[PDB]
Structures are given as structure tokens and as C-alpha cells.
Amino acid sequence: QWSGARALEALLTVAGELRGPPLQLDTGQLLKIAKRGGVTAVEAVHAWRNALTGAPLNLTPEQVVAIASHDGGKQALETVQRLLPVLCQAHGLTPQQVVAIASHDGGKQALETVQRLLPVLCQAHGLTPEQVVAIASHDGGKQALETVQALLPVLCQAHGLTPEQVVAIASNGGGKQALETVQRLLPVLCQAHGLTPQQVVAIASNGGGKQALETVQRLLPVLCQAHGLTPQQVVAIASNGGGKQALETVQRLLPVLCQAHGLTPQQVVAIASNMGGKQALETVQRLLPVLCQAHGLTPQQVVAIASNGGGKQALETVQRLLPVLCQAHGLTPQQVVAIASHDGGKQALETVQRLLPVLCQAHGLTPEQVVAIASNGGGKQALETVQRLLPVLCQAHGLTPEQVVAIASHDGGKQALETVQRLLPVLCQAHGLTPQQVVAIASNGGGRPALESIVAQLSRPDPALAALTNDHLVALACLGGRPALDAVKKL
């Protein structure tokens, strides 16, 4: 017999029960826990289903799933029910922060280390609990936390970094490795290659930060005379997420892409300067001619699609969908390029294909409006949120579809929409803002925290803002959102 048969039946038996009270988990939630936390995590969730759901902890189903769905998920579940009350009552963390720390591989370790080191990091090293939480909230959080305790002094004193920079480097998966590498390579990269400490911190502050720094050290000379790449270009490739893989792939593919396709080094660097830049470049090499053939898309448009995180996904999705979206849905190919040219272009493209008919027929939007909503980062999220909230926003709150479309049509559109839905009543009824004013605040990137800052100032007034009328606060919030409001308090 296949040995895993017994364990699979075990998994499936306990699985079916969890669909019952008090968690009621779907198949996706169940598969998720099984694939990352394994059967032990599934058995643990069931075993501790009642201890977590309500009294005392009051963890949602979602939160239980978030904790359970990682390597050692069973350990994190045991640790949370034990340490959540300690970290909340004795260190003043919110349950949300405890759950965030918990929801990574080795969550147990992170939680116990936060419990152990938060006092010394805050008192003796001058960090805030929020900074400690951020450091802890990644795989290997325990290692990062111990490494920050160990290295914060030498990094600030011997190497001139600020505590904020140290915290930023630590606040990535593998943070311990990046910190140790920065300690070693900061003088080398700064003195031999003329990089600013800020540039070094930028390269280091990514997952795989150790690899990106070591690859910059190794490849900077070669890249900056053989290829006539500037240091600024190499730093950009190394600091934007693509890191080590992106840098090595730029070395390989720059001449190929320029010579075979007529791209500039700037176009190649742009493609490279994203998460998964390696994947994007290789896909461009493959797919550009296929996309530009038969007088199809231009190289320029192919570059734009490629030049975002998930570029590879965007490119292949366009390849699969350009025909059906243009022909069956009636989009210009220029409209398809527009939707594709953002982080998560693939998600947005697939969501437009799925939801354009529904948004048009059931909600009365134009395809232009669907395209506009789709054409931002997280376009998929904004499109699904418009589908869900258009009727309550229009019918119960009185907004026009035009206003809903405007709110949705920025990065974070989903967040802006949910926050208007949530806060419009108290803003208008309780505080005398007009709906137009609420829509105006919400119709920018950062619409949600801009709205929340306004509500905070109207419900728990900070005297530092008291000289501003509601109208002036509205103008400020529209101009620069939460940050402008915060900046104004500081003076």
C-alpha cells in the first residue's frame, strides 16, 4: 500500500468534522491548513476548536486558520492560547498583533521570543512595541529578534545606521541573515563602491537581503563597465525585490534583449526592478516577438506589462486573454495593456474577463468604468468590492455609481470602498460632512486611512488640529491624506 493512505484518511476524517461548529471551514480553508500546517495542524485545530473560538480568546475562524496554516501550526496554536493573554495584558499588545506574530512558520518561537525580549528591546534598546511586533512578524522572527538585540549597538555606533534602519532590515524573512550581512558588507559597499548607507539599507531590506547584498558586491564592478549600467541602476535592481536573481538575470539578458529586440538598458532595468524581475525578463525574451507579431502589441506595451511585480504572470495572461477580451468583450488591445500594467496584472485581467459582463449588465457600468477600476494595483480586489458594495453604497448611502467608481479607481480601492461604507454615516450624520466631501477624501490612494484620520479627529479631537474647521480638515485630507493630517499635528 501507499504509506500515506492512512494519514490521508486521518486528514479527511478530522477534516469533515471541522465543517461543523464552531468553526465551519470550507474546502479551501481546509486544504490550506493541510498543505502548510499538515495533518497535525488540522488535528490540532479540531482538538482546540472550543478553547479558541470564544471565551476567553474570542478568535475568529479566519484567525484560527491564519495561525494553523504554517509549518509548526500545531505549536503556534498551543502557544497563542497560552501567550495571547500574557502579551496583551502584560506587554499591551492587541490580539491582532499577537495573531500576526503567530501566523508564520515557527510562530511558537516568535511568540516566546517576543515574550522574552520585548522588555529589553523596548527599555534598553529604545524600540517601540510596534517595531518589536514588526520584527517578529516574519518566518524566523525569533532569529531576527535575537539578532537585533545582539547587533543594534554595533550597527548604529560602528556603522552609523539609525535604529529605524536596523528595524527595517530586520523586518523581512531571513532578517537575521540580512543584518549579519549588512554588518560585514556596509564598509565594503560604501567605501569601495561609493554606495550611501541608505542605498545599502534599501538593498538589505527585502526577503533574501543577504543574497542581494552579496550579489551587488560581486556583480557591481562587472555590471558598471561591461554593460555601462550606473550604480544607481544596479542599486535599483537589487533593492526592488528581484534582488540576487534579478541582478544575475540582468547580466545574462541585457545584451540579448537590447540586441535582439531593441530595448534600452533603461527598459531592461525597469523590467528587472520588481519582485520576480528574473521571471519577468526571461518571459519578455520568450514572449515579446509572439506578442508583437501580426502587427500586434508594440514592444513598448510589452515592456510596460513586464515592468511590474508579477510581470511574467501579466505577460502570459495577456497572451491567453488578449484575443478573447478584445473579440468577445469588446476591449481595445490598448485597454488590455492598461489593465495588465500594474502589480497583479494577471489577477485584474482574469477578474475583468469574469466580471465585465456582470458589472455591465447587473450594475449598469460601462466597460470603460470596469477598465478604470481594474487599472490599478489590486485591481481584482477593487472590482470584486464594487460588485459587492455598489448596491448598498448606492441604495442605502445615496452615492451615485459614478461616485462609487471614482472611489474604487485607485490603489487600495477595496479598502476605500469598505471604509466609506463603514464610516459615511457617522461622518455625515454625526459630524456634518457632505457625502461629496466623504467621496472626495476617499477618492485618492490611501483613502481608507485618510477617512480614519478624519473620523479620529472628529470623535477624539486632538487640540493640535482644533484650529482647523471640518472644511479645512477635508481639504487637508484630500491633499495628503493621513500623512498631511499627522504632519500638521507635528506643527
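When you see a residue number, it is the position in the sequence shown, counting from 1.
Visitor: Return whichever of 262 to 270 and 147 to 155 has the greater mean Cα B factor according to the PDB record.
Guide: Between 262 to 270 and 147 to 155, it is 262 to 270.
Visitor: Higher mean Cα B-factor in the deposited model: 172 to 180 or 329 to 337?
Guide: Per the deposited B-factors, the answer is 329 to 337.
Visitor: Have a look at 465, 68, 454, 442 and flag the one whose Cα has the highest B-factor in the entry.
Guide: The C-alpha B-factor peaks, among 465, 68, 454, 442, at 465.
Visitor: Taking the entry's C-alpha B-factors for this chain, is residue 448 in the lowest, middle or highest third?
Guide: Tercile = lowest for this residue's CA B-factor.
Visitor: Compare the C-alpha B factor of residue 292 with those of the other modelled residues in its chain, then answer lowest, middle or highest third.
Guide: Highest third - that is where residue 292 ends up once the chain's C-alpha B-factors are sorted.
Visitor: Quick one: classify residue 115 as lowest, middle or highest third of the chain based on its Cα B-factor.
Guide: According to the entry, residue 115 has a C-alpha B-factor in the chain's middle third.
Visitor: Sorting the chain's modelled residues by C-alpha B-factor, tell me whether residue 345 ends up in the lowest, middle or highest third.
Guide: Its C-alpha B-factor belongs to the lowest third of this chain's values.
Visitor: Divide the modelled residues of the chain into thirds by Cα B-factor and specify which third, lowest, middle or highest, holds residue 436.
Guide: Lowest third of the chain for residue 436's C-alpha B-factor.
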